[PDB]
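Trainee: Once you've had a glance at the structure underneath, I'll fire off some questions.
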Amino acid sequence: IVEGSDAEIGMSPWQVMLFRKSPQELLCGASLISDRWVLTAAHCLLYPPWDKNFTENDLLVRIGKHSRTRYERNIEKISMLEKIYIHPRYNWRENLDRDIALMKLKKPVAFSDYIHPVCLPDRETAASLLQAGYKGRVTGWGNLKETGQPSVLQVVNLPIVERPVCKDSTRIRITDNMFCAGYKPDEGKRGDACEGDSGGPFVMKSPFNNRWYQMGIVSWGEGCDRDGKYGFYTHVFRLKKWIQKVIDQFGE
Amino acid sequence: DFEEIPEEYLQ
Amino acid sequence: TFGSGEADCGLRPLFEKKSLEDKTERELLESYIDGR
Ligand SMILES: N=C(N)c1ccc2[nH]c(Cc3nc4ccccc4[nH]3)nc2c1
Ligand code: NA
Ligand SMILES: [Zn+2]
């Protein structure tokens with residue numbers, strides 16, 4: 001996260017860390033939506049241009065963290081994966097359209113003051129909060145500058161941007177399954193997700209029922225916090241029926 | 001940079 | 001897990017559940033043309 005600040009303890013109890021077994025490194029961020037399912041970005045697991053194709057056996061999920069490199073004994077929980085599900089139409093060949101994946105944990109995790117799931121938005125919440133100008137929050141243990149790793153989880157609140165401005169900031173083809181956020185060069189405020197933050201949550205707090213909803217997943221950007229550019233996120237509501245389907249077809 | 005995590009999570 | 005979440009989803013143990021706010025959530029609610 002670039003130009004973000006340290007989070008507070010228990011601020012994002014749904015933040016998850018995808019951790020590689022060997023070498024032992026942070027791979028991406030992810031979020032906890034139930035006691036058995038984690039949501040992340042599919043390019044964190046599969047990206048053939050760089051020969052990336054992780055399997056169950058290659059990852060570990062760490063829940064309840066704050067510090068990036070420490071094993072927070074008695075606070076965090078480490079789980080193993082049972083199955084990984086990538087959207088069948090995830091497009092890694094062109095624009096990372098439908099960049100979403102679900103992971104089923106080997107065993108249910110127990111909630112605590114540091115572990116609690118986030119809500120997935122329903123048509124109406126999506127309709128009232130995903131408006132240009134409204135701010136969301138992104139968290140992660142990713143890089144602090146384009147080219148610089150934090151010791152604690154970082155947070156930054158960014159405004160959602162109008163689709164035409166999103167489209168006119170890049171040469172990549174934008175689809176309806178994505179949205180962008182960030183400040184205009186003009187607004188004199190900065191911030192962005194960056195390498196290492198991928199897979200994590202973009203959330204908004206409903207002013208109607210006070211709950212936090214995960215509206216997007218950190219997907220891509222061109223550099224980190226460059227002026228005239230924005231970060232793109234998977235549109236979770238637009239891919240929610242897929243989510244429901246694998247969950248009730250394979251578990252809960 | 002990562003601290004070691006307990007062996008039982010690798011198996 | 002599904003629509004609108006889980007049941008107790010989105011309500012943080014250390015904040016909503018104790019009626020405590022974090023330092024920047026105001027910024028968010030204020031951009032939804034002000035909350036409450
Ligand atoms: N500025 C942004 N909002 C931004 C977000 C996410 C991202 N992701 C990448 C490429 C990228 N994705 C990965 C995944 C796993 C290991 C390395 C890696 N590099 N660039 C960006 C940029
Ligand atoms: Na920018
Ligand atoms: Zn990424």
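In the structure tokens, the first chain shown is A, the next is B, and so on; residue numbers restart at 1 for each chain, and ligands run from 1 in the order shown.
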With only C-alpha atoms counted and 7 Å as the cut-off, give the residues of chain C in contact with chain A, each with its shortest interatomic distance in Å and the pair that gives it, as JSON lines.

Mentor:
```
{"residue": "C:1", "atom": "CA", "partner": "A:34", "partner_atom": "CA", "distance": 5.1}
{"residue": "C:2", "atom": "CA", "partner": "A:244", "partner_atom": "CA", "distance": 5.8}
{"residue": "C:3", "atom": "CA", "partner": "A:122", "partner_atom": "CA", "distance": 5.2}
{"residue": "C:4", "atom": "CA", "partner": "A:121", "partner_atom": "CA", "distance": 4.9}
{"residue": "C:5", "atom": "CA", "partner": "A:119", "partner_atom": "CA", "distance": 3.6}
{"residue": "C:6", "atom": "CA", "partner": "A:119", "partner_atom": "CA", "distance": 6.3}
{"residue": "C:9", "atom": "CA", "partner": "A:118", "partner_atom": "CA", "distance": 5.0}
{"residue": "C:10", "atom": "CA", "partner": "A:212", "partner_atom": "CA", "distance": 4.2}
{"residue": "C:11", "atom": "CA", "partner": "A:211", "partner_atom": "CA", "distance": 5.4}
{"residue": "C:12", "atom": "CA", "partner": "A:116", "partner_atom": "CA", "distance": 6.9}
{"residue": "C:13", "atom": "CA", "partner": "A:113", "partner_atom": "CA", "distance": 5.1}
{"residue": "C:14", "atom": "CA", "partner": "A:10", "partner_atom": "CA", "distance": 6.1}
{"residue": "C:28", "atom": "CA", "partner": "A:135", "partner_atom": "CA", "distance": 5.2}
{"residue": "C:29", "atom": "CA", "partner": "A:207", "partner_atom": "CA", "distance": 6.6}
{"residue": "C:31", "atom": "CA", "partner": "A:134", "partner_atom": "CA", "distance": 5.1}
{"residue": "C:32", "atom": "CA", "partner": "A:134", "partner_atom": "CA", "distance": 5.5}
{"residue": "C:35", "atom": "CA", "partner": "A:207", "partner_atom": "CA", "distance": 5.5}
{"residue": "C:36", "atom": "CA", "partner": "A:207", "partner_atom": "CA", "distance": 6.5}
```

Trainee: Check the DSSP output for the backbone and give back, as a PyMOL selection string, the residues of range 36-196 of chain A in alpha helix (DSSP H).

Mentor: chain A and resi 123-129+163-167

Trainee: Export, as an mmCIF file, in the first residue's frame, the selected residues with N, CA and C atoms.

Mentor:
```cif
data_model
loop_
_atom_site.group_PDB
_atom_site.id
_atom_site.type_symbol
_atom_site.label_atom_id
_atom_site.label_comp_id
_atom_site.auth_asym_id
_atom_site.auth_seq_id
_atom_site.Cartn_x
_atom_site.Cartn_y
_atom_site.Cartn_z
ATOM 1 N N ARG A 123 -27.187 -7.197 -4.162
ATOM 2 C CA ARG A 123 -27.541 -6.248 -5.251
ATOM 3 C C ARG A 123 -27.791 -4.836 -4.777
ATOM 4 N N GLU A 124 -28.607 -4.702 -3.784
ATOM 5 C CA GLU A 124 -28.926 -3.332 -3.258
ATOM 6 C C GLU A 124 -27.760 -2.592 -2.632
ATOM 7 N N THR A 125 -26.993 -3.281 -1.841
ATOM 8 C CA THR A 125 -25.831 -2.597 -1.197
ATOM 9 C C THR A 125 -24.862 -2.200 -2.308
ATOM 10 N N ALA A 126 -24.706 -3.082 -3.256
ATOM 11 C CA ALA A 126 -23.786 -2.776 -4.371
ATOM 12 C C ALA A 126 -24.293 -1.527 -5.068
ATOM 13 N N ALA A 127 -25.565 -1.535 -5.304
ATOM 14 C CA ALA A 127 -26.186 -0.375 -5.987
ATOM 15 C C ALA A 127 -26.053 0.929 -5.266
ATOM 16 N N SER A 128 -26.156 0.936 -3.983
ATOM 17 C CA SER A 128 -26.030 2.242 -3.288
ATOM 18 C C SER A 128 -24.626 2.685 -2.948
ATOM 19 N N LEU A 129 -23.708 1.775 -2.756
ATOM 20 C CA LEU A 129 -22.322 2.199 -2.396
ATOM 21 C C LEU A 129 -21.310 2.302 -3.523
ATOM 22 N N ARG A 163 -16.126 5.294 -14.434
ATOM 23 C CA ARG A 163 -15.618 4.389 -15.469
ATOM 24 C C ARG A 163 -14.912 4.998 -16.682
ATOM 25 N N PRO A 164 -15.425 6.014 -17.322
ATOM 26 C CA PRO A 164 -14.678 6.682 -18.422
ATOM 27 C C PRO A 164 -13.284 7.180 -18.028
ATOM 28 N N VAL A 165 -13.156 7.675 -16.846
ATOM 29 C CA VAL A 165 -11.834 8.158 -16.421
ATOM 30 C C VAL A 165 -10.967 6.882 -16.254
ATOM 31 N N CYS A 166 -11.571 5.802 -15.815
ATOM 32 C CA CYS A 166 -10.781 4.564 -15.635
ATOM 33 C C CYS A 166 -10.305 4.071 -16.960
ATOM 34 N N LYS A 167 -11.223 4.021 -17.855
ATOM 35 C CA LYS A 167 -10.916 3.539 -19.241
ATOM 36 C C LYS A 167 -9.866 4.420 -19.949
#
```

Trainee: Can you list, as a list in words, every protein, DNA or RNA residue that comes within 10 Å of residue 6 in chain B when you count only C-alpha atoms, leaving out same-chain residues fewer than 5 positions away?

Mentor: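 Near neighbours after the sequence-gap exclusion: residues 71, 73 and 78 of chain A; 11 of chain B.
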
Trainee: Would you write out those residues with N, CA, C and O atoms, as an mmCIF file, in the first residue's frame?

Mentor:
```cif
data_model
loop_
_atom_site.group_PDB
_atom_site.id
_atom_site.type_symbol
_atom_site.label_atom_id
_atom_site.label_comp_id
_atom_site.auth_asym_id
_atom_site.auth_seq_id
_atom_site.Cartn_x
_atom_site.Cartn_y
_atom_site.Cartn_z
ATOM 1 N N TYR A 71 5.410 -14.656 13.590
ATOM 2 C CA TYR A 71 4.433 -15.749 13.852
ATOM 3 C C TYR A 71 3.818 -15.254 15.177
ATOM 4 O O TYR A 71 4.344 -15.422 16.265
ATOM 5 N N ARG A 73 2.075 -15.812 17.821
ATOM 6 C CA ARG A 73 1.676 -16.938 18.703
ATOM 7 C C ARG A 73 0.442 -16.591 19.541
ATOM 8 O O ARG A 73 0.403 -15.554 20.149
ATOM 9 N N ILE A 78 -3.176 -20.631 11.416
ATOM 10 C CA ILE A 78 -2.607 -21.031 10.107
ATOM 11 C C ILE A 78 -3.474 -22.199 9.664
ATOM 12 O O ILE A 78 -3.653 -23.076 10.491
ATOM 13 N N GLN B 11 4.169 -30.290 7.630
ATOM 14 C CA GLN B 11 4.035 -31.782 7.644
ATOM 15 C C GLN B 11 4.727 -32.381 6.405
ATOM 16 O O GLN B 11 5.558 -31.667 5.870
#
```

Trainee: Hey, which residues come within 10 Å of ligand 1 if we count only C-alpha atoms and all ligand atoms? Could you give them as a VMD selection string?

Mentor: chain A and resid 1 to 2 26 to 29 41 to 47 50 52 138 142 to 143 145 to 146 180 to 182 191 to 200 217 to 226 229 to 233

Trainee: To one decimal place in Å, what is the distance between CA of residue 51 in chain A and CA of residue 8 in chain B?

Mentor: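 Distance between the two atoms: 28.7 Å.
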
Trainee: Just need the residues of chain A within 8 Å of chain B, counting only C-alpha atoms, so spit them out as a VMD selection string.

Mentor: chain A and resid 21 24 to 25 60 68 to 71 78 to 80

Trainee: Restricted to N, CA, C and O atoms, what would the selected residues look like written as an mmCIF file, in the first residue's frame?

Mentor:
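result30.cif was written with the following content:
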```cif
data_model
loop_
_atom_site.group_PDB
_atom_site.id
_atom_site.type_symbol
_atom_site.label_atom_id
_atom_site.label_comp_id
_atom_site.auth_asym_id
_atom_site.auth_seq_id
_atom_site.Cartn_x
_atom_site.Cartn_y
_atom_site.Cartn_z
ATOM 1 N N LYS A 21 4.869 -22.153 1.338
ATOM 2 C CA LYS A 21 5.651 -23.014 2.269
ATOM 3 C C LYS A 21 7.167 -22.929 1.980
ATOM 4 O O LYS A 21 7.939 -22.664 2.883
ATOM 5 N N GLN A 24 9.520 -19.674 2.213
ATOM 6 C CA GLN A 24 8.471 -19.126 3.101
ATOM 7 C C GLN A 24 8.339 -17.649 2.831
ATOM 8 O O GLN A 24 9.084 -16.852 3.378
ATOM 9 N N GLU A 25 7.410 -17.326 1.978
ATOM 10 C CA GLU A 25 7.174 -15.887 1.627
ATOM 11 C C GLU A 25 5.675 -15.538 1.460
ATOM 12 O O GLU A 25 4.866 -16.415 1.199
ATOM 13 N N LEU A 60 -0.290 -22.020 2.357
ATOM 14 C CA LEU A 60 -0.718 -21.962 3.758
ATOM 15 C C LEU A 60 -1.525 -20.645 3.825
ATOM 16 O O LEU A 60 -1.187 -19.718 3.105
ATOM 17 N N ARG A 68 3.729 -8.368 9.664
ATOM 18 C CA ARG A 68 3.973 -9.073 8.381
ATOM 19 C C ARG A 68 4.860 -10.310 8.537
ATOM 20 O O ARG A 68 4.482 -11.378 8.095
ATOM 21 N N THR A 69 6.003 -10.167 9.153
ATOM 22 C CA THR A 69 6.916 -11.361 9.309
ATOM 23 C C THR A 69 6.889 -12.182 10.576
ATOM 24 O O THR A 69 7.528 -13.209 10.636
ATOM 25 N N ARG A 70 6.158 -11.783 11.565
ATOM 26 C CA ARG A 70 6.184 -12.589 12.791
ATOM 27 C C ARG A 70 5.086 -13.555 12.951
ATOM 28 O O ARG A 70 4.008 -13.254 12.517
ATOM 29 N N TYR A 71 5.410 -14.656 13.590
ATOM 30 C CA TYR A 71 4.433 -15.749 13.852
ATOM 31 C C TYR A 71 3.818 -15.254 15.177
ATOM 32 O O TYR A 71 4.344 -15.422 16.265
ATOM 33 N N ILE A 78 -3.176 -20.631 11.416
ATOM 34 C CA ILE A 78 -2.607 -21.031 10.107
ATOM 35 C C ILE A 78 -3.474 -22.199 9.664
ATOM 36 O O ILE A 78 -3.653 -23.076 10.491
ATOM 37 N N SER A 79 -3.979 -22.209 8.455
ATOM 38 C CA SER A 79 -4.838 -23.353 7.988
ATOM 39 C C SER A 79 -4.273 -23.878 6.686
ATOM 40 O O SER A 79 -3.491 -23.215 6.023
ATOM 41 N N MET A 80 -4.718 -25.058 6.364
ATOM 42 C CA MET A 80 -4.264 -25.717 5.115
ATOM 43 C C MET A 80 -5.455 -25.694 4.210
ATOM 44 O O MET A 80 -6.568 -25.521 4.675
#
```

Trainee: With only C-alpha atoms as the counted atoms, please give the residues lying no more than 6 Å from residue 216 in chain A, apart from itself and same-chain residues fewer than 6 positions off, as a PyMOL selection string.

Mentor: chain A and resi 202+233-236
